[PDB]
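In the block that follows, a single chain appears as structure tokens, in the form deposited in one PDB entry.
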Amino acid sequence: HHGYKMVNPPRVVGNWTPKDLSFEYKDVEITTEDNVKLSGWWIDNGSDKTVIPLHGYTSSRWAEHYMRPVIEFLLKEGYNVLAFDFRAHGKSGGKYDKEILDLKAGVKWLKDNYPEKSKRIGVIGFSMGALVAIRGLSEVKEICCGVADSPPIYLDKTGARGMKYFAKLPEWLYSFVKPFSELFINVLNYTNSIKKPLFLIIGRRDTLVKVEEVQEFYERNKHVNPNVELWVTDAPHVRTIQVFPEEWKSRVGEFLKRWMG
């Protein structure tokens, strides 16, 4: 095989909007510093606080097993929400590292256009989005706190684990899933630079990320960050909010109340 010059994620657009949660919202376009046009929802909930939920690789803002519940949860807590698709995902433009530019653009859009709605900004990321949340908490000054649910710490190891499950499929399904494996950053370096409140969540039934990996991130970061916390759960990858919704929302709700005001 000769490899792949380029592998763009699938684009999945769901069939619900914040209207289905009984919240008014705007469809907006956000432009990044490298001129990528992102698609998102601006959901003005009458707050001076905004939380930005970040979806995973190959996912989108619609993912019903974690994005719909987290957006509903955030709005019911009274926060404003900006929820956008990462580049090349969902309805966003761009051809498929750079997702930090997407988050920076979203924060800039809030500060430029709705500063009164974004006096405080928090981030919640899932899977790939949890890595972007971690990077954002380090590099984006306007973010005051972050939740990182199932962050891959060792991208190569996580990639290799996924591959272990490809052996079982029929050949047509294999050639479908393989390019995204091959398409699939030093995460631990961020343990030195994150000094802001951080809530790490990792599940024991996660077949992509080991609890030991997130535990080591915690052990390193806690020596320079007095507000990092770790929750080890009994759920699969990014599905604590699905399997343990009451506890996830209680704990994350308390964390956000603590830092968002």
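Numbering starts at 1 and runs along the sequence shown. Each form is matched to the other, and the largest set of C-alpha atoms that superpose within 1.5 Å is called the rigid core.
Omitted here: the form deposited in another entry. The next part is about that form.
After superposition on the rigid core, the single residue among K178, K108, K157, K76 whose C-alpha moves by 2 Å or more between this form and the one not shown is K178. Once both forms are fitted on their core, the CA shift for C144 between this form and the one not shown remains under 2 Å. Distance between the C-alpha atoms of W172 and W62: longer by at least 3 Å in the other entry than in the displayed form. Figure legend: C-alpha atoms of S59 and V177, shown here, are separated by at least 3 angstroms more in the other entry.
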